[PDB]
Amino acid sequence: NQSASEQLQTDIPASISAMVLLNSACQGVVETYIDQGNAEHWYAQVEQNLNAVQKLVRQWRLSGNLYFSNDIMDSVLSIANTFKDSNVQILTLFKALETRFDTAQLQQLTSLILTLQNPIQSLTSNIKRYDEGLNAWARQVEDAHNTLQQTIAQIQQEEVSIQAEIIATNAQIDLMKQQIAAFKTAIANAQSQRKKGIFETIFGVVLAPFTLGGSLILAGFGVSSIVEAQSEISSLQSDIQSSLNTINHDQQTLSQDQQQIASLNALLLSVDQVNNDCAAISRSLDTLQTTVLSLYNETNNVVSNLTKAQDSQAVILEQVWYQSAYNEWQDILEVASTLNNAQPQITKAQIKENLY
């Protein structure tokens, strides 16, 4: 139903969106803080495990990863600019060949179409290279997540006297994960409708609070979008606020020391977003790779048809594919350029007890 270039209009920003989300999730991990307070010796293992996750995120940043893959973005722009720089020449040849067929100009037209294949293959190579490095890192983050999750589960299983409050708290943290997923789905549905940019919101959820201010836990997570999304991010903040209010109600019978134990799985919110965002990137790059290959095959079929053309009628029927692809790649150039030149707009939202 769609040409490859038409599909890429969706698949390219979909992949950039997934990468931007990972960047914001990484920031959420960095901005997750805990203090020992009066906690028993279990705290050392939680601190160690959390620091291991944070070390992986710092190494990802130190390796140069920011909002999206520069190599993939540059390859997209290379294809788009190859279309842009050859359009007048290609249309002039089509019109000349429409008037009078001659093999020399047909050979020149075929050579111009062929100049697309190197930038396309470069995009495929850079997607593969990026996804391999991403997956190698993601496996380490997943292992670090599982270790922290197991450490916390062991601690909470030993607190037999407050099991009901721990279960109720963990249900609210699961709801928060659902609310975050609902935000991402809402954004994805409205991406094609709005102007492009880089927008990030880092949340901090205050748990086990002190009366006079501050807390023992500041549980972070990060979300983002490549389109303005003030309404959706406000609904998410309202959702997380509601869930935190319910946690505070469910923990009303707990001391601050018990709240510290009962709230530990909020530390997984940040790294869970990293895990989910890594998987989303890889799914989007599998889709993108299939579509890029489809575009490569289209150019091969067009070149094959042009080489077989013996009259003007056979040459000009390839013009519809070209004109359609050029129009799509002109739009891809605008979107990719906007994202590549955008100044990221970041904000922070601290979520704490709302009702007193």
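Residue numbers here begin at 1 and follow the sequence given.
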{"property": "Mean Cα B-factor comparison, 247 to 255 or 192 to 200, giving the higher one as deposited", "result": "192 to 200"}
{"property": "Residue range whose averaged C-alpha B-factor is higher in the record, 65 to 73 or 298 to 306", "result": "298 to 306"}
{"property": "Residue with maximal Cα B-factor (values as given in the PDB entry) among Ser111, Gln260, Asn146, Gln241", "result": "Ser111"}
{"property": "Highest recorded Cα temperature factor - choice among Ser215, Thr99, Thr151, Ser282", "result": "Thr99"}
{"property": "Third of the chain, ranked by Cα B-factor, where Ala164 sits", "result": "middle"}
{"property": "Ranked C-alpha temperature factor of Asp331 among modelled chain residues, by third", "result": "highest"}
{"property": "Third assignment of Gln345 from its chain's C-alpha B-factors", "result": "middle"}
{"property": "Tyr322 - Cα temperature factor, lowest/middle/highest third of chain", "result": "middle"}
{"property": "Position of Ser224 among the chain's modelled residues by C-alpha B-factor, lowest, middle or highest third", "result": "lowest"}
